[PDB]
$ cat protein_23.pdb   # PDB, C-alpha atoms
ATOM      1  CA  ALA A   1     -24.675  52.643 -95.720
ATOM      2  CA  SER A   2     -20.907  53.039 -95.468
ATOM      3  CA  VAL A   3     -20.857  56.059 -97.787
ATOM      4  CA  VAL A   4     -23.697  57.435 -95.666
ATOM      5  CA  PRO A   5     -21.820  57.467 -92.329
ATOM      6  CA  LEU A   6     -18.529  58.434 -93.975
ATOM      7  CA  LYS A   7     -20.174  61.531 -95.445
ATOM      8  CA  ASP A   8     -21.352  62.520 -91.975
ATOM      9  CA  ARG A   9     -17.893  62.996 -90.472
ATOM     10  CA  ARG A  10     -16.337  64.552 -93.556
ATOM     11  CA  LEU A  11     -19.112  67.095 -94.075
ATOM     12  CA  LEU A  12     -19.386  67.880 -90.369
ATOM     13  CA  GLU A  13     -15.668  68.317 -89.740
ATOM     14  CA  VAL A  14     -15.163  70.850 -92.518
ATOM     15  CA  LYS A  15     -18.248  72.804 -91.475
ATOM     16  CA  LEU A  16     -17.593  72.751 -87.725
ATOM     17  CA  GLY A  17     -14.072  74.172 -87.700
ATOM     18  CA  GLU A  18     -11.412  73.837 -90.376
ATOM     19  CA  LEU A  19     -10.720  72.357 -93.807
ATOM     20  CA  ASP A  27      -9.454  78.298-101.081
ATOM     21  CA  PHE A  28     -10.926  75.789 -98.652
ATOM     22  CA  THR A  29      -8.201  75.853 -96.019
ATOM     23  CA  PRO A  30      -8.709  79.581 -95.360
ATOM     24  CA  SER A  31     -12.441  78.914 -95.207
ATOM     25  CA  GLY A  32     -11.665  77.426 -91.825
ATOM     26  CA  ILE A  33      -9.388  80.366 -91.039
ATOM     27  CA  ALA A  34     -12.410  82.521 -90.427
ATOM     28  CA  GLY A  35     -14.027  79.285 -89.274
ATOM     29  CA  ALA A  36     -17.620  78.325 -88.562
ATOM     30  CA  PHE A  37     -16.718  78.716 -84.881
ATOM     31  CA  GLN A  38     -18.778  81.915 -84.913
ATOM     32  CA  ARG A  39     -21.637  79.649 -85.946
ATOM     33  CA  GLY A  40     -20.729  77.125 -83.272
ATOM     34  CA  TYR A  41     -20.415  79.748 -80.576
ATOM     35  CA  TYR A  42     -23.922  80.624 -79.536
ATOM     36  CA  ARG A  43     -24.860  77.372 -77.836
ATOM     37  CA  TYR A  44     -23.135  77.644 -74.489
ATOM     38  CA  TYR A  45     -23.588  81.212 -73.418
ATOM     39  CA  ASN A  46     -20.584  83.217 -74.631
ATOM     40  CA  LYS A  47     -17.831  82.030 -72.318
ATOM     41  CA  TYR A  48     -15.789  79.492 -74.308
ATOM     42  CA  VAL A  49     -14.260  82.306 -76.356
ATOM     43  CA  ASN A  50     -10.819  80.739 -76.764
ATOM     44  CA  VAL A  51     -11.813  78.684 -79.809
ATOM     45  CA  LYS A  52      -9.770  80.855 -82.219
ATOM     46  CA  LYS A  53      -6.802  78.556 -82.767
ATOM     47  CA  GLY A  54      -7.422  76.041 -80.031
ATOM     48  CA  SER A  55     -11.033  75.377 -81.050
ATOM     49  CA  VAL A  56     -13.306  74.318 -78.195
ATOM     50  CA  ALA A  57     -16.628  74.138 -80.039
ATOM     51  CA  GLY A  58     -15.027  71.948 -82.676
ATOM     52  CA  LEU A  59     -14.052  69.357 -80.098
ATOM     53  CA  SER A  60     -16.529  69.837 -77.254
ATOM     54  CA  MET A  61     -19.484  68.728 -79.382
ATOM     55  CA  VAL A  62     -18.208  65.177 -79.944
ATOM     56  CA  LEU A  63     -17.491  64.796 -76.229
ATOM     57  CA  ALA A  64     -20.948  66.153 -75.480
ATOM     58  CA  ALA A  65     -22.329  63.563 -77.887
ATOM     59  CA  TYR A  66     -20.378  60.704 -76.303
ATOM     60  CA  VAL A  67     -21.797  61.534 -72.872
ATOM     61  CA  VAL A  68     -25.486  61.494 -73.820
ATOM     62  CA  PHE A  69     -24.866  58.357 -75.876
ATOM     63  CA  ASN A  70     -23.561  56.657 -72.751
ATOM     64  CA  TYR A  71     -26.405  57.994 -70.655
ATOM     65  CA  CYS A  72     -28.726  55.606 -72.490
ATOM     66  CA  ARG A  73     -27.021  52.371 -71.412
ATOM     67  CA  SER A  74     -26.852  53.420 -67.780
ATOM     68  CA  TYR A  75     -30.541  54.349 -67.699
ATOM     69  CA  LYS A  76     -31.823  50.801 -67.204
ATOM     70  CA  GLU A  77     -29.716  50.214 -64.104
ATOM     71  CA  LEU A  78     -30.140  53.426 -62.083
ATOM     72  CA  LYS A  79     -33.949  53.753 -62.465
ATOM     73  CA  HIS A  80     -34.762  55.333 -59.010
ATOM     74  CA  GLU A  81     -37.897  57.099 -60.262
ATOM     75  CA  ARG A  82     -41.103  57.042 -58.232
ATOM     76  CA  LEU A  83     -44.698  57.172 -59.474
ATOM     77  CA  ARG A  84     -44.236  60.877 -60.171
ATOM     78  CA  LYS A  85     -41.786  63.441 -61.463
ATOM     79  CA  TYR A  86     -38.747  65.073 -59.850
ATOM     80  CA  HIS A  87     -38.364  67.587 -57.058
TER
ATOM     81  CA  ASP B   5     -16.200  44.639 -61.313
ATOM     82  CA  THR B   6     -13.722  41.931 -60.355
ATOM     83  CA  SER B   7     -14.564  41.289 -63.829
ATOM     84  CA  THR B   8     -13.920  37.780 -65.285
ATOM     85  CA  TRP B   9     -13.064  35.530 -68.148
ATOM     86  CA  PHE B  10     -11.135  37.902 -70.477
ATOM     87  CA  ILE B  11     -12.172  36.687 -74.010
ATOM     88  CA  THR B  12     -13.199  40.305 -74.670
ATOM     89  CA  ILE B  13     -11.210  43.496 -75.147
ATOM     90  CA  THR B  14      -7.714  42.215 -75.998
ATOM     91  CA  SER B  15      -8.617  41.195 -79.546
ATOM     92  CA  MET B  16     -10.052  44.662 -80.052
ATOM     93  CA  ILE B  17      -6.815  46.389 -79.021
ATOM     94  CA  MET B  18      -4.600  45.239 -81.874
ATOM     95  CA  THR B  19      -7.052  46.428 -84.474
ATOM     96  CA  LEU B  20      -6.504  49.826 -82.873
ATOM     97  CA  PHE B  21      -2.771  49.640 -83.523
ATOM     98  CA  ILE B  22      -3.524  49.542 -87.212
ATOM     99  CA  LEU B  23      -5.224  52.915 -86.804
ATOM    100  CA  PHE B  24      -2.615  54.742 -84.737
ATOM    101  CA  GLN B  25       0.200  53.588 -86.984
ATOM    102  CA  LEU B  26      -1.729  55.054 -89.897
ATOM    103  CA  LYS B  27      -2.389  58.551 -88.581
ATOM    104  CA  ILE B  28       0.872  59.280 -86.770
ATOM    105  CA  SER B  29       2.927  57.886 -89.645
ATOM    106  CA  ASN B  30       1.998  60.909 -91.762
ATOM    107  CA  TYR B  31       3.577  63.541 -89.545
ATOM    108  CA  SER B  32       5.588  66.475 -90.837
ATOM    109  CA  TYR B  33       8.729  66.946 -88.764
ATOM    110  CA  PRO B  34      10.677  70.189 -88.428
ATOM    111  CA  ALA B  35      13.887  68.225 -87.861
ATOM    112  CA  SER B  36      13.313  66.106 -90.971
ATOM    113  CA  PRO B  37      12.675  69.277 -92.998
ATOM    114  CA  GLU B  38      15.843  70.801 -91.585
ATOM    115  CA  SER B  39      17.771  67.787 -92.851
ATOM    116  CA  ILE B  40      16.642  68.665 -96.386
ATOM    117  CA  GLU B  41      18.016  72.205 -96.022
ATOM    118  CA  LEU B  42      21.625  71.663 -97.134
ATOM    119  CA  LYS B  43      21.039  69.161 -99.969
ATOM    120  CA  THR B  44      20.470  71.891-102.584
ATOM    121  CA  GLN B  45      23.505  74.107-101.939
ATOM    122  CA  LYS B  46      26.692  72.086-102.451
ATOM    123  CA  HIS B  47      25.605  70.455-105.706
ATOM    124  CA  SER B  48      25.403  73.928-107.274
ATOM    125  CA  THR B  49      28.594  74.946-105.444
ATOM    126  CA  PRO B  50      30.710  72.363-107.268
ATOM    127  CA  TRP B  51      28.674  73.191-110.387
ATOM    128  CA  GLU B  52      30.347  76.598-110.151
ATOM    129  CA  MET B  53      33.612  74.647-110.327
ATOM    130  CA  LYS B  54      32.164  72.622-113.209
ATOM    131  CA  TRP B  55      32.469  75.749-115.358
ATOM    132  CA  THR B  56      35.772  76.655-113.693
ATOM    133  CA  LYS B  57      37.313  73.462-115.075
ATOM    134  CA  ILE B  58      35.394  73.713-118.369
ATOM    135  CA  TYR B  59      37.135  77.035-118.968
ATOM    136  CA  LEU B  60      40.531  76.619-117.266
TER
ATOM    137  CA  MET C  58      14.809  60.035 -78.887
ATOM    138  CA  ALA C  59      17.629  61.654 -76.962
ATOM    139  CA  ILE C  60      18.498  58.844 -74.550
ATOM    140  CA  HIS C  61      18.768  55.975 -77.010
ATOM    141  CA  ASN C  62      20.906  57.408 -79.867
ATOM    142  CA  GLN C  63      21.508  54.117 -81.634
ATOM    143  CA  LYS C  64      20.139  52.068 -84.429
ATOM    144  CA  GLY C  65      17.437  51.266 -81.892
ATOM    145  CA  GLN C  66      15.857  54.559 -82.893
ATOM    146  CA  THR C  67      13.665  52.655 -85.351
ATOM    147  CA  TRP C  68      11.611  51.393 -82.419
ATOM    148  CA  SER C  69      10.834  54.894 -81.154
ATOM    149  CA  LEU C  70       8.346  55.870 -83.840
ATOM    150  CA  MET C  71       5.964  53.316 -82.321
ATOM    151  CA  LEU C  72       6.430  54.450 -78.711
ATOM    152  CA  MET C  73       4.771  57.781 -79.454
ATOM    153  CA  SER C  74       1.681  55.946 -80.641
ATOM    154  CA  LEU C  75       1.586  54.111 -77.340
ATOM    155  CA  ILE C  76       1.506  57.409 -75.454
ATOM    156  CA  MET C  77      -1.396  58.919 -77.407
ATOM    157  CA  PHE C  78      -3.716  55.951 -76.944
ATOM    158  CA  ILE C  79      -3.577  55.659 -73.154
ATOM    159  CA  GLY C  80      -3.053  59.386 -73.024
ATOM    160  CA  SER C  81      -6.469  59.761 -74.619
ATOM    161  CA  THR C  82      -8.338  56.762 -73.203
ATOM    162  CA  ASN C  83      -7.480  57.879 -69.692
ATOM    163  CA  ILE C  84      -8.562  61.468 -70.353
ATOM    164  CA  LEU C  85     -11.890  60.710 -72.042
ATOM    165  CA  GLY C  86     -13.283  58.943 -69.008
ATOM    166  CA  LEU C  87     -13.387  61.972 -66.744
ATOM    167  CA  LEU C  88     -16.657  62.946 -68.478
ATOM    168  CA  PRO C  89     -20.058  62.298 -66.728
ATOM    169  CA  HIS C  90     -20.961  58.783 -67.905
ATOM    170  CA  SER C  91     -18.086  57.577 -70.062
ATOM    171  CA  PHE C  92     -16.264  54.249 -70.018
ATOM    172  CA  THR C  93     -12.432  53.717 -70.104
ATOM    173  CA  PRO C  94     -11.008  50.532 -71.631
ATOM    174  CA  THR C  95      -7.859  50.788 -69.453
ATOM    175  CA  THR C  96     -10.027  50.226 -66.401
ATOM    176  CA  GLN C  97     -10.288  46.498 -67.045
ATOM    177  CA  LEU C  98      -7.199  44.441 -66.278
ATOM    178  CA  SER C  99      -7.528  42.381 -69.454
ATOM    179  CA  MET C 100      -5.968  44.536 -72.145
ATOM    180  CA  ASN C 101      -3.158  45.811 -69.925
ATOM    181  CA  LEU C 102      -1.883  42.250 -69.656
ATOM    182  CA  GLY C 103      -1.894  42.390 -73.435
ATOM    183  CA  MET C 104      -0.075  45.719 -73.484
ATOM    184  CA  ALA C 105       2.732  44.647 -71.173
ATOM    185  CA  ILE C 106       3.652  41.160 -72.331
ATOM    186  CA  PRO C 107       3.805  41.653 -76.141
ATOM    187  CA  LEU C 108       5.948  44.711 -75.504
ATOM    188  CA  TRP C 109       8.092  43.548 -72.598
ATOM    189  CA  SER C 110       9.041  40.273 -74.280
ATOM    190  CA  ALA C 111       9.742  42.216 -77.442
ATOM    191  CA  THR C 112      12.689  43.682 -75.543
ATOM    192  CA  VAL C 113      14.443  40.597 -74.162
TER
ATOM    193  CA  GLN D   8      -6.494  46.837 -98.871
ATOM    194  CA  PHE D   9      -4.186  49.852 -98.738
ATOM    195  CA  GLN D  10      -3.861  49.598 -94.963
ATOM    196  CA  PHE D  11      -0.915  47.323 -95.818
ATOM    197  CA  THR D  12       1.544  48.782 -98.315
ATOM    198  CA  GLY D  13       1.790  52.061 -96.462
ATOM    199  CA  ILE D  14       3.212  50.162 -93.485
ATOM    200  CA  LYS D  15       4.488  46.957 -95.102
ATOM    201  CA  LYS D  16       8.094  48.109 -95.063
ATOM    202  CA  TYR D  17       7.678  48.571 -91.305
ATOM    203  CA  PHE D  18       6.220  45.152 -90.564
ATOM    204  CA  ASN D  19       8.879  42.623 -91.631
ATOM    205  CA  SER D  20      11.449  44.961 -90.065
ATOM    206  CA  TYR D  21      10.213  44.705 -86.477
ATOM    207  CA  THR D  22       7.521  41.988 -86.466
ATOM    208  CA  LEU D  23      10.411  39.519 -86.383
ATOM    209  CA  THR D  24      10.444  40.196 -82.656
ATOM    210  CA  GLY D  25       7.317  42.286 -82.211
ATOM    211  CA  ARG D  26       4.843  39.732 -83.566
ATOM    212  CA  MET D  27       5.368  37.235 -80.766
ATOM    213  CA  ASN D  28       1.803  37.353 -79.460
ATOM    214  CA  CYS D  29       2.056  33.574 -79.159
ATOM    215  CA  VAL D  30       3.002  34.000 -75.515
ATOM    216  CA  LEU D  31       0.120  36.437 -75.114
ATOM    217  CA  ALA D  32      -2.187  34.045 -76.938
ATOM    218  CA  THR D  33      -1.072  31.084 -74.836
ATOM    219  CA  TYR D  34      -1.708  32.999 -71.623
ATOM    220  CA  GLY D  35      -5.164  34.041 -72.790
ATOM    221  CA  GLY D  36      -6.263  30.514 -73.604
ATOM    222  CA  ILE D  37      -5.141  29.278 -70.204
ATOM    223  CA  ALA D  38      -6.929  32.162 -68.489
ATOM    224  CA  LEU D  39     -10.225  31.279 -70.149
ATOM    225  CA  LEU D  40      -9.846  27.656 -69.055
ATOM    226  CA  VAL D  41      -9.242  28.352 -65.359
ATOM    227  CA  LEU D  42     -12.331  30.573 -65.177
ATOM    228  CA  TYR D  43     -14.388  27.802 -66.773
ATOM    229  CA  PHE D  44     -12.851  25.274 -64.380
ATOM    230  CA  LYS D  45     -13.899  27.189 -61.268
ATOM    231  CA  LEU D  46     -17.407  27.708 -62.633
ATOM    232  CA  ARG D  47     -17.531  23.993 -63.427
ATOM    233  CA  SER D  48     -16.903  23.208 -59.762
ATOM    234  CA  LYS D  49     -18.983  26.322 -58.843
TER
ATOM    235  CA  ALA E 101      34.352  80.342-127.760
ATOM    236  CA  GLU E 102      34.040  77.447-125.312
ATOM    237  CA  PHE E 103      34.245  79.458-122.085
ATOM    238  CA  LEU E 104      31.496  81.881-123.121
ATOM    239  CA  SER E 105      29.194  78.919-123.802
ATOM    240  CA  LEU E 106      30.205  76.772-120.820
ATOM    241  CA  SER E 107      29.314  79.779-118.680
ATOM    242  CA  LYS E 108      26.154  80.223-120.756
ATOM    243  CA  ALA E 109      24.829  76.784-119.814
ATOM    244  CA  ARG E 110      25.789  77.622-116.226
ATOM    245  CA  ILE E 111      23.697  80.750-116.802
ATOM    246  CA  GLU E 112      20.986  78.671-118.493
ATOM    247  CA  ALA E 113      20.825  76.025-115.763
ATOM    248  CA  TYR E 114      20.759  78.808-113.166
ATOM    249  CA  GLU E 115      17.924  80.397-115.148
ATOM    250  CA  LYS E 116      16.071  77.078-114.921
ATOM    251  CA  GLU E 117      16.911  76.566-111.237
ATOM    252  CA  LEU E 118      15.068  79.707-110.123
ATOM    253  CA  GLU E 119      12.077  79.241-112.442
ATOM    254  CA  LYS E 120      11.491  75.805-110.915
ATOM    255  CA  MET E 121      11.561  77.491-107.495
ATOM    256  CA  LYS E 122       8.630  79.658-108.592
ATOM    257  CA  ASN E 123       6.798  76.496-109.667
ATOM    258  CA  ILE E 124       6.696  74.979-106.180
ATOM    259  CA  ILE E 125       4.454  77.421-104.326
ATOM    260  CA  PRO E 126       1.464  79.339-105.670
ATOM    261  CA  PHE E 127       0.315  80.255-102.131
ATOM    262  CA  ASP E 128       1.507  80.148 -98.522
ATOM    263  CA  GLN E 129      -0.848  77.234 -97.859
ATOM    264  CA  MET E 130      -0.032  75.688-101.219
ATOM    265  CA  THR E 131       0.956  72.034-101.273
ATOM    266  CA  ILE E 132       2.609  69.187 -99.403
ATOM    267  CA  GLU E 133       4.286  67.727-102.486
ATOM    268  CA  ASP E 134       5.310  70.860-104.384
ATOM    269  CA  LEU E 135       7.274  71.857-101.292
ATOM    270  CA  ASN E 136       8.744  68.350-101.452
ATOM    271  CA  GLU E 137      11.200  69.255-104.206
ATOM    272  CA  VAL E 138      13.580  71.740-102.563
ATOM    273  CA  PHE E 139      13.403  70.469 -98.985
ATOM    274  CA  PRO E 140      14.270  66.819 -99.199
ATOM    275  CA  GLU E 141      12.918  63.391 -98.386
ATOM    276  CA  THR E 142      14.831  60.127 -98.400
ATOM    277  CA  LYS E 143      14.589  56.385 -97.723
ATOM    278  CA  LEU E 144      14.115  54.643 -94.353
ATOM    279  CA  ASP E 145      16.346  55.822 -91.485
ATOM    280  CA  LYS E 146      18.083  58.827 -92.957
ATOM    281  CA  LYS E 147      17.211  61.717 -90.601
ATOM    282  CA  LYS E 148      19.097  60.802 -87.435
ATOM    283  CA  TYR E 149      17.877  63.641 -85.230
TER
ATOM    284  CA  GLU F  56     -25.111  61.031 -57.822
ATOM    285  CA  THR F  57     -23.829  63.381 -60.512
ATOM    286  CA  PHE F  58     -23.065  66.661 -58.820
ATOM    287  CA  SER F  59     -19.569  65.679 -59.970
ATOM    288  CA  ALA F  60     -20.933  66.208 -63.457
ATOM    289  CA  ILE F  61     -20.786  69.971 -62.961
ATOM    290  CA  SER F  62     -17.352  70.042 -61.325
ATOM    291  CA  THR F  63     -15.806  68.189 -64.252
ATOM    292  CA  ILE F  64     -17.530  70.764 -66.441
ATOM    293  CA  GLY F  65     -16.603  73.637 -64.129
ATOM    294  CA  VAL F  66     -12.871  72.915 -64.326
ATOM    295  CA  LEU F  67     -13.161  72.765 -68.110
ATOM    296  CA  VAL F  68     -14.402  76.366 -68.028
ATOM    297  CA  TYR F  69     -11.223  77.646 -66.303
ATOM    298  CA  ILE F  70      -9.123  76.192 -69.119
ATOM    299  CA  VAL F  71     -11.028  78.293 -71.645
ATOM    300  CA  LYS F  72      -9.360  81.270 -69.896
ATOM    301  CA  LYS F  73      -5.881  79.979 -70.745
ATOM    302  CA  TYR F  74      -7.145  78.859 -74.156
ATOM    303  CA  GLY F  75      -7.113  82.494 -75.223
ATOM    304  CA  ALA F  76      -3.386  82.284 -74.568
ATOM    305  CA  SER F  77      -3.208  78.891 -76.266
ATOM    306  CA  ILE F  78      -4.277  80.635 -79.449
ATOM    307  CA  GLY F  79      -1.220  82.851 -79.373
ATOM    308  CA  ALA F  80       0.887  79.743 -78.889
ATOM    309  CA  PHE F  81      -1.037  78.045 -81.682
ATOM    310  CA  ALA F  82      -0.566  81.097 -83.896
ATOM    311  CA  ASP F  83       3.102  81.172 -82.929
ATOM    312  CA  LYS F  84       3.402  77.462 -83.595
ATOM    313  CA  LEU F  85       4.590  76.905 -87.201
ATOM    314  CA  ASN F  86       5.329  80.608 -87.733
ATOM    315  CA  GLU F  87       8.883  79.419 -87.400
ATOM    316  CA  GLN F  88       8.041  76.398 -89.549
ATOM    317  CA  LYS F  89       6.498  78.513 -92.303
ATOM    318  CA  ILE F  90       9.423  80.898 -91.927
ATOM    319  CA  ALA F  91      11.515  77.763 -91.757
ATOM    320  CA  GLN F  92      10.262  77.287 -95.317
ATOM    321  CA  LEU F  93      10.746  80.925 -96.344
ATOM    322  CA  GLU F  94      14.499  80.672 -95.769
ATOM    323  CA  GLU F  95      14.980  77.966 -98.410
ATOM    324  CA  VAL F  96      13.018  79.717-101.166
ATOM    325  CA  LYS F  97      14.998  82.891-100.475
ATOM    326  CA  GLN F  98      18.471  81.363-100.254
ATOM    327  CA  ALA F  99      18.331  79.251-103.415
ATOM    328  CA  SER F 100      17.442  82.011-105.863
ATOM    329  CA  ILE F 101      19.857  84.713-104.686
ATOM    330  CA  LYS F 102      22.832  82.357-104.318
ATOM    331  CA  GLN F 103      22.414  81.232-107.932
ATOM    332  CA  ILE F 104      21.402  84.360-109.873
ATOM    333  CA  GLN F 105      24.599  86.190-108.948
ATOM    334  CA  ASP F 106      26.651  83.086-109.794
ATOM    335  CA  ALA F 107      25.175  83.151-113.304
TER
END
$ encode --input "protein_23.pdb" --output "structure tokens"
Amino acid sequence: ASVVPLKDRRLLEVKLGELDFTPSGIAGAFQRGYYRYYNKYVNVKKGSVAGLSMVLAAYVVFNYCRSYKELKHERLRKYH
Amino acid sequence: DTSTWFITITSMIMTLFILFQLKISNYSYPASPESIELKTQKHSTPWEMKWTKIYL
Amino acid sequence: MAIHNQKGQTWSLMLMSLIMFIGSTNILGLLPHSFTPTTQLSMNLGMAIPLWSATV
Amino acid sequence: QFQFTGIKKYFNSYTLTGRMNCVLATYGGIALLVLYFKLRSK
Amino acid sequence: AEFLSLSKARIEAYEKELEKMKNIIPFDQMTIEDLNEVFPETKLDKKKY
Amino acid sequence: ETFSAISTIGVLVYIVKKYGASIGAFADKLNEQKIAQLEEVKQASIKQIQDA
């Protein structure tokens, strides 16, 4: 299972932003990564936001799971 | 909070300083490159005098 | 690098690894529900003493 | 592993003074004991 | 006789010195070791600055 | 109690403004370095071919 998780980061990193393979990241898949937010993080050209801001968006929702048991707070219903 | 007992993190910090000494060790330096800028010239410069003594 | 200017410059290639670790692990934790290892007092007493007594 | 010979020239250079975690180790062992001692007397 | 041939090797080694400089880079983004012939590297603690 | 979730995501939107100037800096970064490499391939040929 080690060659399974190692081929997740390697494949993802090349595809997400940058690597005849180095200039493939020069156009970048940042145009593919762009459409998720709205438009606004446009500065990803050489300081690439959507390359980095996906890992940090993954590390937040991964740490939302551990905190969920402690801060329950929910009634016998749904929100506002 | 005032946490306790300490048998945790500190053994997992020195494994990290096998990582950071692996990445940052492979860093190209402009200054280092600059220091390889004059090593090619003056060997060929005296090589011009190597044919100046081979003739004269 | 500029202050030391000795043959104690060998030590300085490590000190830039020390700045990237707690430069990052203090900047990650500003996120919504993340956790910083330099919050706990345990590892910082293992970052001071193996470095401070490496000097004397 | 090859996480050694890339940085093996570095180690025996500065681990002569840098690998003195004995003091750190000694402090850690003592710290664990005092915590246990206070929880023994509660 | 000798000085036209001792300059000829100095012409021949200079003809080999430029053709090895064309060997190093096939592209701007070419290589991290083929550029490690002209610009130098050394042993531990050479580059002071 | 995570209305401070938005304000740590709101400040990271204002830095995307200056990130479009970070690109120029990024583009500029190593231009000198690549040029720093163009000077050695240019000097070594021309200084030798006339000497031959």
$ closest_residue --input "protein_23.pdb" --among "B:27, B:45, B:19, B:54" --to "chain C" --atoms "all atoms listed in the file"
B:27
$ interface_residues --input "protein_23.pdb" --of "chain E" --to "chain F" --cutoff "9 Å" --atoms "only C-alpha atoms" --output "PDB file with C-alpha atoms, keeping the file's coordinate frame"
ATOM      1  CA  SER E 107      29.314  79.779-118.680  1.00  0.00           C
ATOM      2  CA  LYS E 108      26.154  80.223-120.756  1.00  0.00           C
ATOM      3  CA  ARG E 110      25.789  77.622-116.226  1.00  0.00           C
ATOM      4  CA  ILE E 111      23.697  80.750-116.802  1.00  0.00           C
ATOM      5  CA  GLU E 112      20.986  78.671-118.493  1.00  0.00           C
ATOM      6  CA  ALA E 113      20.825  76.025-115.763  1.00  0.00           C
ATOM      7  CA  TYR E 114      20.759  78.808-113.166  1.00  0.00           C
ATOM      8  CA  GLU E 115      17.924  80.397-115.148  1.00  0.00           C
ATOM      9  CA  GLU E 117      16.911  76.566-111.237  1.00  0.00           C
ATOM     10  CA  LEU E 118      15.068  79.707-110.123  1.00  0.00           C
ATOM     11  CA  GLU E 119      12.077  79.241-112.442  1.00  0.00           C
ATOM     12  CA  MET E 121      11.561  77.491-107.495  1.00  0.00           C
ATOM     13  CA  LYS E 122       8.630  79.658-108.592  1.00  0.00           C
ATOM     14  CA  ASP E 128       1.507  80.148 -98.522  1.00  0.00           C
ATOM     15  CA  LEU E 135       7.274  71.857-101.292  1.00  0.00           C
ATOM     16  CA  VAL E 138      13.580  71.740-102.563  1.00  0.00           C
ATOM     17  CA  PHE E 139      13.403  70.469 -98.985  1.00  0.00           C
TER      18      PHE E 139
END
$ resolve_selection --input "protein_23.pdb" --expression "the PyMOL selection byres ((chain D) within 9 of (chain B))" --output "count of residues only"
11
$ closest_atom_pairs --input "protein_23.pdb" --of "chain E" --to "chain D" --cutoff "12 Å" --atoms "only C-alpha atoms" --output "JSON lines"
{"residue": "E:143", "atom": "CA", "partner": "D:16", "partner_atom": "CA", "distance": 10.9}
{"residue": "E:144", "atom": "CA", "partner": "D:16", "partner_atom": "CA", "distance": 8.9}
{"residue": "E:145", "atom": "CA", "partner": "D:17", "partner_atom": "CA", "distance": 11.3}
$ atom_distance --input "protein_23.pdb" --atom1 "atom CA of residue 17 of chain A" --atom2 "atom CA of residue 52 of chain A"
9.7 Å
$ atom_distance --input "protein_23.pdb" --atom1 "atom CA of residue 66 of chain F" --atom2 "atom CA of residue 67 of chain A"
16.8 Å
$ atom_distance --input "protein_23.pdb" --atom1 "atom CA of residue 1 of chain A" --atom2 "atom CA of residue 73 of chain A"
24.4 Å
$ interface_residues --input "protein_23.pdb" --of "chain A" --to "chain F" --cutoff "12 Å" --atoms "all atoms listed in the file" --output "list in words"
residues 33, 44, 45, 46, 47, 48, 49, 50, 51, 52, 53, 54, 55, 56, 57, 60, 63, 64, 67, 71, 78 and 80 of chain A
$ resolve_selection --input "protein_23.pdb" --expression "the PyMOL selection byres ((chain D and resi 21) around 12)" --output "number ranges by chain"
C: 65-71, 108, 111-112; D: 14-20, 22-27
$ interface_residues --input "protein_23.pdb" --of "chain C" --to "chain D" --cutoff "7 Å" --atoms "all atoms listed in the file" --output "count of residues only"
4
$ resolve_selection --input "protein_23.pdb" --expression "the PyMOL selection byres ((chain A) within 10 of (chain E))" --output "compact mmCIF listing (two decimals) with C-alpha atoms, in the frame of the given file"
# COMPACT_ATOMS: atom_id res chain seq x y z
CA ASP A 27 -9.45 78.30 -101.08
CA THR A 29 -8.20 75.85 -96.02
CA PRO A 30 -8.71 79.58 -95.36
$ interface_residues --input "protein_23.pdb" --of "chain B" --to "chain F" --cutoff "9 Å" --atoms "all atoms listed in the file" --output "ChimeraX atom specification"
/B:34,37-38,41,44-45,48,52
$ closest_residue --input "protein_23.pdb" --among "E:101, E:125, E:106, E:137" --to "chain B" --atoms "only C-alpha atoms"
E:106
$ interface_residues --input "protein_23.pdb" --of "chain B" --to "chain E" --cutoff "7 Å" --atoms "only C-alpha atoms" --output "PyMOL selection string"
chain B and resi 35-37+39-41+44+55+58-59
$ interface_residues --input "protein_23.pdb" --of "chain C" --to "chain E" --cutoff "10 Å" --atoms "all atoms listed in the file" --output "VMD selection string"
chain C and resid 58 to 59 62 to 64 66 to 67
